[PDB]
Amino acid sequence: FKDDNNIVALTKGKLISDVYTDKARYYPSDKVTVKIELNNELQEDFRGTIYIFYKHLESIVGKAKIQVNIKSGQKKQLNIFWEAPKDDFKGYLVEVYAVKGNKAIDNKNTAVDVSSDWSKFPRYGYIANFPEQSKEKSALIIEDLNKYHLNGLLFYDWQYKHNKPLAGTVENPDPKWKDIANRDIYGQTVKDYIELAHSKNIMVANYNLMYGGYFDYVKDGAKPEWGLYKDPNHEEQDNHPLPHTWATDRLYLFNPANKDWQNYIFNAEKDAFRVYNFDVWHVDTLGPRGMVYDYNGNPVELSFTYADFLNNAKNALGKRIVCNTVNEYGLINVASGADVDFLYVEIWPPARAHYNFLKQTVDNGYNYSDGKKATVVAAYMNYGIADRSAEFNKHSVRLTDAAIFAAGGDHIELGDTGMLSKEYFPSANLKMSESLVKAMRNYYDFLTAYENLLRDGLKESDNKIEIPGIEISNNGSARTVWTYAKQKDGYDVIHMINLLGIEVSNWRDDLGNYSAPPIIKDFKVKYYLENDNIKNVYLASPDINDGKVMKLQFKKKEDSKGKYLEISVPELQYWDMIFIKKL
């Protein structure tokens, strides 16, 4: 058929309403159900064909055609069934076309991840609210989140107390309790979300600090002798003050290396995991605490304690572990020594404001783990306006995800409340526009479909990149295209992130006022390589036909800096990924 963006653009969105899948992640050889929601808004009956293509990078790996009639104004669902190929840890793009005669009149894509374990390609989201609600309402929220292929959900502030997560007892759980902020939590909603997430192969993570206890922790059987102190004379136990309307005036901190604290908190968590079928303990930390000491006055190097705590927790609970190393504090220790599923780094402002840090955090995770662990970043967008009733900026949110995803990272940002705007996950003062939601759908399809080019077996490339006529940088500098290259078996990959509209390289966009980047069309990229082993050159972008691969024209040339490919690029908006297939 005649696939053309000339005439698809005229009637795009007017037949195919949505395309998505039944689960977030699939095991090799699973049945994948692709769900296509058709809504004929063409003001005219449709009598034609729905084509489906399954792509692995540039290659067609499967194809289906289905004859469909749908009346003007009618809605139909069409389910397509595909066996997941046998190779583990592979991403695919699914392209759907509505074809009349032999012209494509609509198109929408989704993605499929075939991974036996979430740990290689984490796509982490959150649930922050646990009110009384029907299983059907909960199912709709999980359905929404599943559209983004999120393969893990952090349940934030579900628990009863930091030192006693289970309300009631294992023999008789309390169906309703207060969380840390005196919100009502309903146990049946927690359980419903867990069951629903599991039906979509989504991991569910239980949030708690490593080392926190309420004001009345002595009443619950914890001891001051296990505490972390701000002086060597046990005068002042370290603590994190909270607002006066909350369930405790402060959280008192404990020494993670204290074996009695470990025994106490592991037993308390064991009770919680017995009642609520969580897969993961997401162990939060507060970062550096200044000079700290145990009860007996011995200095405690807090970061030095993390790995032992985390490994012992994994053993005690028989559950997966993730740890938040805030501002990378303890990242070296966790990445080298802890059996965590992946690395997790929250950025707490003002530091690490530069775009470069979005890449550098991921690079640090890769380097410190000898390439054995993936990295998730928490980077709260438009934080500067997070106390206003306002909107996320659709431009800066895309640039931040391009920066993180191109570096081989994941960004924890989507959840039940929409998107994160500050460290307190339930704070929902910023809302996503309809336009931003569409972009996030595309960006998450991209994150999934191109996981093998983004964070699978890659190394930094030394090969020189030039973009003649256009200012470039390797580190996210203002007024440049940010560009760099990576190499893996069978492919070289070049990223271009458009910061030509950026005056100041702050990824946060504190006023939520960034603008659309300038669009550059029909330009050249020069890529200097020695090897004459090129099969072809391709480009994919979440900004262009939701990640559909385009074959690029190129020439082999040579100048005063050596031999290079001159690559013709049709368009750059936010983020393009060029990939060069080797013979």
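Residue numbers run from 1 along the displayed sequence.
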- [ ] Return whichever of 68 to 76 and 177 to 185 has the greater mean Cα B factor according to the PDB record.
- [x] 68 to 76
Task: Comparing 107 to 115 with 238 to 246, the one whose average Cα B-factor in the PDB entry is higher - done: 238 to 246
Open item on the list: Just the C-alpha B-factor column, please: which of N40, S541, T33, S515 has the biggest number?
Closed with: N40
Open item on the list: Sorting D339, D284, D509, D489 by Cα temperature factor from the record, which one lands on top?
Closed with: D489
Open item on the list: Could you place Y217 in the lowest, middle or highest third of its chain by Cα temperature factor, using the values in the record?
Closed with: highest
Open item on the list: Split into thirds by Cα B-factor across the chain's modelled residues, where does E423 land: lowest, middle or highest?
Closed with: highest
TODO: Quick one: classify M291 as lowest, middle or highest third of the chain based on its Cα B-factor.
DONE: highest
Task: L15 CA temperature factor, ranked by third within the chain - done: highest
- [ ] Looking at the entry's B-factor column for C-alpha atoms only, identify whether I52 ranks in the lowest, middle or highest third of its chain.
- [x] highest
